[PDB]
**Student:** 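First the structure, which I've put down as structure tokens, then a few questions once you've had a look.
Naming: A, B, ... by sequence-line order, numbering from 1 per chain. Side chains are part of it too, since the values below use all heavy atoms of this structure and drop only hydrogens, waters and symmetry mates.
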Amino acid sequence: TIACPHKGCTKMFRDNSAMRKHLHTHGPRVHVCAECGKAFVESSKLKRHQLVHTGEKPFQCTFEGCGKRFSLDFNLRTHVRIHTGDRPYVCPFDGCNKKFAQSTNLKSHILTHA
DNA sequence: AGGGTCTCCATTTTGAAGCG
DNA sequence: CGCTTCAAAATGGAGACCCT
Ligand SMILES: [Zn+2]
Ligand SMILES: [Zn+2]
Ligand SMILES: [Zn+2]
Ligand SMILES: [Zn+2]
């Protein structure tokens, strides 16, 4: 197993090919948004970051009455679930039955338990 | 192959309602 | 005004996907 070179990086890899790709993430952040300065290692991310600027919401809710738009594919899926009702984050407390559909929504709930 | 891309997830970060 | 709540915006890493 190849351990990631990168000074403080704890990570380990099967093939040094996976290690090298990975290593890429600590690299110089060459891709700098001309609008505000944020920089990204890849260009894909800088492109995507642009949606912070335009406001473009490409993905839309084909639910009757909804039609809400989101800028990101994944973010849309996470909301349509408020239609499906899929609350996939079941609380852990023995005998507390609250479910959630966001691991932020659920774990801070846990905080309440304490 | 193997390098840029992109799809996709998990996560983090931000905001708006509810409500006490 | 305090939260907890629920909902959205955004980021970062893995690794699949697509070349030539
Ligand atoms: Zn590393
Ligand atoms: Zn920017
Ligand atoms: Zn919807
Ligand atoms: Zn609980």
**Student:** How many whole angstroms separate atom CG of A:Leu46 from atom P of B:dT5?
**Tutor:** 11 Å

**Student:** Hey, is the main chain of A:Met19 close enough, under 3.5 Å, to the side chain of A:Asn16 for a donor-acceptor pair?
**Tutor:**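 Not at all, since once roles are kept as given, no pair shorter than 3.5 Å links the two residues.
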
**Student:** Please report the distance, rounded to the nearest Å, between CD in A:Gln102 and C1' in B:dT12.
**Tutor:** 11 Å

**Student:** Just call it for A:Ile82: base, sugar-phosphate, or nothing, with non-hydrogen atoms closer than 4.0 Å on any strand.
**Tutor:** sugar-phosphate

**Student:** Donor-acceptor check, side chain of A:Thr112 to backbone of A:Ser108, threshold 3.5 angstrom: yes or no?
**Tutor:**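 No, the answer is negative, given that no donor and acceptor are paired below the 3.5 Å cut-off.
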
**Student:** Find the distance A:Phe100:CZ to C:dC6:P and express it as a whole number of Å.
**Tutor:** 7 Å

**Student:** Would you give the length of the straight line joining atom CG of A:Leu72 to atom CZ of A:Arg48, rounded to the nearest 0.5 angstrom?
**Tutor:**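 Reported value, rounded in 0.5 Å steps: 6.0 Å.
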
**Student:** With the sugar-phosphate defined as primed atoms, P, OP1 and OP2, and the base as all remaining atoms, what B/S/- string results for nucleotides 12-20 of chain C, 5' to 3', for protein heavy atoms under 4.0 Å?
**Tutor:** BBSB-----

**Student:** Rounded to the Å, how far apart are A:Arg87 CZ and C:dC6 P?
**Tutor:**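 The distance from CZ of A:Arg87 to P of C:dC6 comes to 10 Å, rounded to the nearest Å.
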
**Student:** Under a 3.5 Å distance rule, please check whether A:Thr54 uses its side chain to pair with a backbone N or O of A:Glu56 as donor and acceptor.
**Tutor:**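 At least one qualifying donor-acceptor pair exists.
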
**Student:** What is the nucleic acid contact for A:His109, judged by heavy atoms within less than 4.0 Å: base, sugar-phosphate only, or nothing?
**Tutor:** nothing

**Student:** Expressed in angstrom and rounded to an integer, what is the separation of A:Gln50 atom CD from C:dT11 atom P?
**Tutor:**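 Distance check: A:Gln50 CD to C:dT11 P gives 10 Å.
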
**Student:** Within the 4.0 Å heavy-atom criterion, would you say A:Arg81 contacts the bases, only the backbone, or no part of the nucleic acid?
**Tutor:** nothing

**Student:** When hydrophobic residues are tied together by side-chain contacts of less than 4.5 Å, even through go-betweens, does A:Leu23 share a cluster with A:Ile2?
**Tutor:** yes

**Student:** What stems, by residue range, does DNA chain C take part in, given at least 3 consecutive Watson-Crick or G-U pairs under 3.5 Å?
**Tutor:** B:1-19 with C:2-20

**Student:** Please state how far atom CG in A:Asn105 lies from atom P in B:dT12, giving the value in whole angstrom units.
**Tutor:**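 Those two atoms, CG and P, are 15 Å apart.
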
**Student:** Can you confirm whether more than 12 heavy atoms, excluding those of A:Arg81, are under 6.0 Å from its CZ atom?
**Tutor:** yes

**Student:** A:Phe59 has an atom CZ; how far is it from atom P of C:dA8, in whole Å?
**Tutor:** 16 Å

**Student:** Which part of the nucleic acid does A:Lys107 contact within heavy-atom distance under 4.0 Å: base, sugar-phosphate only, or nothing?
**Tutor:** nothing

**Student:** I'd like to know if A:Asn75 reaches the base of C:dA8 with its side chain, counting only an N/O donor and acceptor under 3.5 Å.
**Tutor:**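 For A:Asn75, whose side chain was compared with the base of C:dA8, there is no donor-acceptor pair (under 3.5 Å).
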
**Student:** A:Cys91 and A:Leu106: side chain to side chain contact (heavy atoms under 4.5 Å, CB included), yes or no, with the steps?
**Tutor:** CA-CA 7 Å; A:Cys91 167; A:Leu106 165 273; 4.1 Å; yes

**Student:** Side-chain N or O of A:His79 versus OP1/OP2 of C:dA7: is the shortest distance under 4.0 Å?
**Tutor:** no

**Student:** Rounded to whole Å, please give me the gap between CG in A:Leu76 and P in B:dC8.
**Tutor:**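 In whole Å, B:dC8 P lies 12 Å from A:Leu76 CG.
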
**Student:** So, A:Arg69 side chain and A:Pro58 main chain: donor-acceptor pair closer than 3.5 Å or not?
**Tutor:**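 At least one qualifying donor-acceptor pair exists.
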
**Student:** Working to the nearest 0.5 Å, report the span between CG of A:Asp86 and CZ of A:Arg77.
**Tutor:**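 It is 13.0 Å, given to the nearest 0.5 Å.
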
**Student:** Can you check whether A:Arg77 has a side-chain N or O nearer than 4.0 Å to OP1 or OP2 of B:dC8?
**Tutor:** yes

**Student:** Does C:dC6 have OP1 or OP2 sitting under 4.0 Å from an N or O in the side chain of A:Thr104?
**Tutor:** no

**Student:** Measure the acute angle between the ring planes of A:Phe70 and A:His79, then classify it against the limits of 30° and 60° as parallel, tilted or perpendicular.
**Tutor:** tilted

